[PDB]
Amino acid sequence: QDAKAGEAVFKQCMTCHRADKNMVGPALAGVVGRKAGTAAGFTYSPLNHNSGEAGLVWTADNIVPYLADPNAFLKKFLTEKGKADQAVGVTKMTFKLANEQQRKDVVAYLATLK
Ligand code: HEC
């Protein structure tokens with residue numbers, strides 16, 4: 001949860017994400033507190049879209065497990081909602097971050113991206 005240390009991890013995310021405009025992935029400013037699949041103008045996968053529709057709001061706590069394995073997280077979320085059929089597809093985000101400390105730190109960074 002060291003946002004400064006998260007800066008170095010965030011450089012990887014900058015391959016596809018910008019704070020304020022969409023790119024390969026959606027704009028991330030204000031992602032902490034945002035309903036999944038709702039960045040204006042971005043076309044999400046059904047998996048991410050359906051997760052937000054089922055109520056997923058990204059928080060400082062749940063983005064951490066998400067980054068370890070985006071597909072597993074979103075599939076598990078929808079399955080827990082009794083919506084496993086809406087989780088058959090995969091996310092467009094083909095990146096994963098195995099290290100837990102790196103995930104905690106980059107999510108602390110995200111929380112400062114207002
Ligand atoms: C390109 C190879 C990517 C990299 C590197 C990272 N992300 Fe990404 N991300 C990408 C796409 C194409 C998408 C849309 C997913 C879909 O299925 O539509 C995403 C999405 C996210 C989200 C969800 C945002 C939302 O509005 O619901 C988050 C929280 C996210 N990405 C975070 C994130 C971070 C912190 C990264 C560096 C650790 C990162 N992504 C890398 C593409 C790519």
# chains A, B, ... in the order shown; residues from 1 in each chain; ligands from 1
>>> residues_around(residues="residue 12 of chain A", least_positions_apart="3", cutoff="12 Å", atoms="only C-alpha atoms", output="PyMOL selection string")
chain A and resi 6-9+15-18+95-97+102-103+106
>>> select_by_dssp(residues="chain A", states="alpha helix (DSSP H)", output="ChimeraX atom specification")
/A:3-13,46-53,63-68,70-80,100-112
>>> write_last_selection(atoms="N, CA and C atoms", output="compact mmCIF listing (two decimals), in the first residue's frame")
# COMPACT_ATOMS: atom_id res chain seq x y z
N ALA A 3 2.07 3.96 -2.20
CA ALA A 3 1.78 4.50 -3.53
C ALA A 3 3.01 4.92 -4.29
N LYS A 4 4.05 5.39 -3.58
CA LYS A 4 5.28 5.81 -4.26
C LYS A 4 5.96 4.64 -4.96
N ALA A 5 6.02 3.52 -4.23
CA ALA A 5 6.55 2.27 -4.79
C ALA A 5 5.66 1.78 -5.92
N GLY A 6 4.37 2.10 -5.80
CA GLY A 6 3.43 1.76 -6.87
C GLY A 6 3.73 2.49 -8.17
N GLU A 7 4.45 3.61 -8.17
CA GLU A 7 4.76 4.32 -9.40
C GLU A 7 5.49 3.45 -10.40
N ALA A 8 6.43 2.65 -9.84
CA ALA A 8 7.26 1.84 -10.74
C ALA A 8 6.42 0.74 -11.38
N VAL A 9 5.50 0.17 -10.60
CA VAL A 9 4.59 -0.84 -11.10
C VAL A 9 3.64 -0.23 -12.14
N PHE A 10 3.15 0.99 -11.90
CA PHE A 10 2.25 1.69 -12.79
C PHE A 10 2.80 1.91 -14.18
N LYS A 11 4.13 1.99 -14.34
CA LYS A 11 4.72 2.16 -15.66
C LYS A 11 4.28 1.01 -16.58
N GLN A 12 4.10 -0.20 -16.06
CA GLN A 12 3.65 -1.32 -16.88
C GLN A 12 2.23 -1.05 -17.36
N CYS A 13 1.39 -0.57 -16.40
CA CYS A 13 0.02 -0.24 -16.77
C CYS A 13 -0.06 0.85 -17.83
N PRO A 46 -17.69 -8.41 -22.67
CA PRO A 46 -18.88 -8.84 -21.96
C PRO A 46 -18.58 -9.21 -20.51
N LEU A 47 -17.46 -9.90 -20.25
CA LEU A 47 -17.10 -10.30 -18.90
C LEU A 47 -16.98 -9.10 -17.96
N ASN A 48 -16.23 -8.08 -18.39
CA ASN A 48 -16.09 -6.87 -17.55
C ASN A 48 -17.41 -6.11 -17.49
N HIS A 49 -18.06 -5.90 -18.63
CA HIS A 49 -19.37 -5.23 -18.66
C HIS A 49 -20.36 -5.89 -17.70
N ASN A 50 -20.53 -7.20 -17.81
CA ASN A 50 -21.51 -7.93 -17.01
C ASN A 50 -21.18 -7.84 -15.52
N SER A 51 -19.90 -7.83 -15.17
CA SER A 51 -19.48 -7.72 -13.77
C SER A 51 -19.97 -6.39 -13.20
N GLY A 52 -19.71 -5.29 -13.92
CA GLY A 52 -20.21 -3.99 -13.44
C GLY A 52 -21.73 -3.93 -13.34
N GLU A 53 -22.39 -4.53 -14.33
CA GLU A 53 -23.86 -4.56 -14.35
C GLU A 53 -24.41 -5.31 -13.17
N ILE A 63 -9.31 -4.38 -6.18
CA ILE A 63 -8.46 -4.35 -7.39
C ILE A 63 -7.23 -5.22 -7.15
N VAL A 64 -6.82 -5.38 -5.90
CA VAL A 64 -5.66 -6.21 -5.56
C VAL A 64 -5.76 -7.64 -6.02
N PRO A 65 -6.79 -8.40 -5.70
CA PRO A 65 -6.93 -9.77 -6.18
C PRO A 65 -7.21 -9.80 -7.68
N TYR A 66 -7.93 -8.80 -8.18
CA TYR A 66 -8.19 -8.67 -9.61
C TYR A 66 -6.90 -8.72 -10.42
N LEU A 67 -5.93 -7.87 -10.06
CA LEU A 67 -4.68 -7.84 -10.85
C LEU A 67 -3.90 -9.15 -10.85
N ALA A 68 -4.08 -10.02 -9.86
CA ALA A 68 -3.39 -11.31 -9.92
C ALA A 68 -3.90 -12.16 -11.08
N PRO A 70 -7.19 -11.32 -13.68
CA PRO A 70 -8.44 -10.65 -14.06
C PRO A 70 -9.54 -11.62 -14.44
N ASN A 71 -9.23 -12.62 -15.26
CA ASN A 71 -10.32 -13.56 -15.60
C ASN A 71 -10.87 -14.29 -14.40
N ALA A 72 -9.98 -14.84 -13.56
CA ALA A 72 -10.44 -15.61 -12.41
C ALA A 72 -11.28 -14.74 -11.47
N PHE A 73 -10.82 -13.51 -11.26
CA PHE A 73 -11.57 -12.61 -10.36
C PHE A 73 -12.98 -12.33 -10.85
N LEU A 74 -13.11 -11.87 -12.09
CA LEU A 74 -14.41 -11.51 -12.67
C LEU A 74 -15.31 -12.73 -12.79
N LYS A 75 -14.73 -13.89 -13.15
CA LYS A 75 -15.55 -15.10 -13.25
C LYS A 75 -16.11 -15.48 -11.88
N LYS A 76 -15.27 -15.43 -10.84
CA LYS A 76 -15.65 -15.77 -9.49
C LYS A 76 -16.70 -14.79 -8.97
N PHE A 77 -16.51 -13.50 -9.23
CA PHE A 77 -17.50 -12.50 -8.83
C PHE A 77 -18.88 -12.82 -9.40
N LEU A 78 -18.94 -13.04 -10.71
CA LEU A 78 -20.25 -13.27 -11.33
C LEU A 78 -20.82 -14.61 -10.89
N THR A 79 -19.94 -15.59 -10.70
CA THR A 79 -20.42 -16.90 -10.23
C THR A 79 -21.05 -16.77 -8.85
N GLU A 80 -20.45 -15.97 -7.98
CA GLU A 80 -21.01 -15.76 -6.64
C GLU A 80 -22.35 -15.07 -6.67
N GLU A 100 2.09 -9.93 -4.89
CA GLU A 100 1.09 -9.27 -4.05
C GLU A 100 1.45 -7.88 -3.57
N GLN A 101 2.71 -7.69 -3.17
CA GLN A 101 3.14 -6.36 -2.72
C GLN A 101 3.03 -5.36 -3.88
N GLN A 102 3.41 -5.79 -5.08
CA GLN A 102 3.34 -4.88 -6.23
C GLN A 102 1.90 -4.49 -6.51
N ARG A 103 1.01 -5.49 -6.37
CA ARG A 103 -0.42 -5.18 -6.58
C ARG A 103 -0.92 -4.21 -5.51
N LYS A 104 -0.59 -4.47 -4.24
CA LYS A 104 -1.03 -3.52 -3.20
C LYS A 104 -0.50 -2.11 -3.45
N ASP A 105 0.79 -2.03 -3.83
CA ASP A 105 1.38 -0.72 -4.06
C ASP A 105 0.77 -0.02 -5.27
N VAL A 106 0.53 -0.74 -6.37
CA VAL A 106 -0.01 -0.03 -7.54
C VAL A 106 -1.45 0.40 -7.24
N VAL A 107 -2.19 -0.43 -6.48
CA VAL A 107 -3.55 -0.01 -6.13
C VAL A 107 -3.53 1.21 -5.21
N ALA A 108 -2.53 1.34 -4.33
CA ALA A 108 -2.41 2.58 -3.55
C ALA A 108 -2.18 3.75 -4.49
N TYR A 109 -1.34 3.55 -5.53
CA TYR A 109 -1.14 4.56 -6.56
C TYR A 109 -2.47 4.91 -7.22
N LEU A 110 -3.25 3.90 -7.66
CA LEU A 110 -4.53 4.16 -8.29
C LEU A 110 -5.48 5.00 -7.45
N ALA A 111 -5.44 4.80 -6.14
CA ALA A 111 -6.31 5.54 -5.23
C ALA A 111 -5.97 7.03 -5.24
N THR A 112 -4.76 7.42 -5.63
CA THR A 112 -4.41 8.82 -5.76
C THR A 112 -4.74 9.39 -7.13
>>> atom_distance(atom1="atom 35 (C, counted along the ligand's line) of ligand 1", atom2="atom CA of residue 62 of chain A")
11.5 Å
>>> atom_distance(atom1="atom 1 (C, counted along the ligand's line) of ligand 1", atom2="atom CA of residue 92 of chain A")
8.1 Å
>>> atom_distance(atom1="atom 19 (C, counted along the ligand's line) of ligand 1", atom2="atom CA of residue 86 of chain A")
17.9 Å
>>> closest_residue(among="A:60, A:113, A:24, A:29", to="ligand 1", atoms="only C-alpha atoms and all ligand atoms")
A:24
>>> closest_residue(among="A:114, A:34, A:81, A:21", to="ligand 1", atoms="only C-alpha atoms and all ligand atoms")
A:34
>>> closest_residue(among="A:33, A:25, A:99, A:90", to="ligand 1", atoms="only C-alpha atoms and all ligand atoms")
A:25
>>> closest_residue(among="A:88, A:54, A:19, A:14", to="ligand 1", atoms="only C-alpha atoms and all ligand atoms")
A:14
>>> closest_residue(among="A:61, A:40, A:45, A:30", to="ligand 1", atoms="only C-alpha atoms and all ligand atoms")
A:45
>>> closest_residue(among="A:55, A:44, A:31, A:1", to="ligand 1", atoms="only C-alpha atoms and all ligand atoms")
A:44
